[PDB]
Amino acid sequence: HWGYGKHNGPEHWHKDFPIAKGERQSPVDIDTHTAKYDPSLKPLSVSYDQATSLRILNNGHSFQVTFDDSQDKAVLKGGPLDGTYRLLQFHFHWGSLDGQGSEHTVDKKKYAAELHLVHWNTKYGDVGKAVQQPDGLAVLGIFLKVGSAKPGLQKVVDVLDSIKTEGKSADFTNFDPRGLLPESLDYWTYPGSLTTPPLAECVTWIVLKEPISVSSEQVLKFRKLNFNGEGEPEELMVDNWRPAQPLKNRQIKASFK
Ligand SMILES: NS(=O)(=O)c1ccc(-n2ccn(-c3ccc(F)cc3F)c2=O)cc1
Ligand SMILES: [Zn+2]
């Protein structure tokens, strides 16, 4: 199956998922001088005070923290969005080196990692229905650069050793995703897709201008995870990012001037 190696990586995905060559694929390069300020964009509404995290999981492509989405507890609204989006999970994409790892780029600049907070539109009832809809999902993307540590990330870092290999998971309650957010909610937004299979074109992307900073020790912790399952040849989980895809007939809008 698909992965990120020479023989199963992003250049191969279109064979199993032909939408990979579609009209609204993600990620993209965010060209900051071509993004147009839109004063009709509302401020983004991030309500995470009642978030209930459940589990943390190595799924062989990344690591994922899953939340209770059976109620409106951690929801995303406003910005470019209509209606209510519940937080289902967050995961990251990162590099083998600090100069690469993010999926979106900013004037071709790659960041060391990128956080995806994944939300689905409550009008569609469940995430499986939502992925079948052009406005089904809203993913909040946050870039990570290497510098000072992010204290709010450390509880995540600390448990990765218990989910080293694909298929392992741990109980992971009371994690507060507000500790992963930068100061500013200024954002870029464009219509796009999941950046892993099935690459469905269902996502309103909301990408924050301001990165968070993480420490070299924190990012190294990511790089010690494995793509493989245990008892199998060790392949470090690094460079699990899709490169930028053709923008085609899309305009990226900025919420800030
Ligand atoms: N890399 S990203 O654009 O943040 C991204 C990529 C893929 C997903 N993803 C993949 C499968 N699913 C999924 C989960 C539950 C379900 F019922 C159906 C799905 F397609 C999903 O949400 C979610 C987020
Ligand atoms: Zn992602």
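Just the heavy atoms: all of them, side chains too, but no hydrogens, waters or symmetry mates, feed the values below. Atoms within each ligand, like the ligands themselves, are counted from 1 in listed order. In this chain, residues are counted from 1 in sequence order.
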Where's the contact between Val139 and ligand 1, heavy-atom distance under 4.0 Å: side chain, backbone, both or neither?
side chain

Within 45° cone and under 6.0 Å: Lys109 NZ/CZ vs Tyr111 ring:
yes

Are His93 and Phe222 close enough that their ring centers fall under 6.0 Å?
no

Are any of the N/O atoms on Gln89, whether in the backbone or the side chain, positioned under 3.5 angstrom from an N/O atom of ligand 1?
no

What is the nearest protein non-hydrogen atom to atom 19 (C) of ligand 1, stated with its residue, atom name and distance?
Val131 CG1, 4.0 Å

Matching residue for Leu225 among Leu160, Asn240, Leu236 - test: side-chain contact (heavy atoms from CB on, under 4.5 Å):
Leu160

Taking only non-hydrogen atoms of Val203, do any sit less than 4.0 angstrom from ligand 1?
no

From the list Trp205, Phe143, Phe63, ring-ring contact (aromatic ring centres under 6.0 Å, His included) partner of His116 resolves to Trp205

Is there a nitrogen or oxygen of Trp205 sitting under 3.5 Å from a nitrogen or oxygen of ligand 1?
no

Option set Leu115, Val127, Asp126, criterion heavy-atom distance to atom 15 (C) of ligand 1, minimum:
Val127

Counting only heavy atoms, tell me which of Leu194, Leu199, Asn59, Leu140 gets closest to atom 21 (C) of ligand 1.
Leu194

Has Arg242 got any heavy atom lying under 4.0 angstrom from an atom of ligand 1?
no

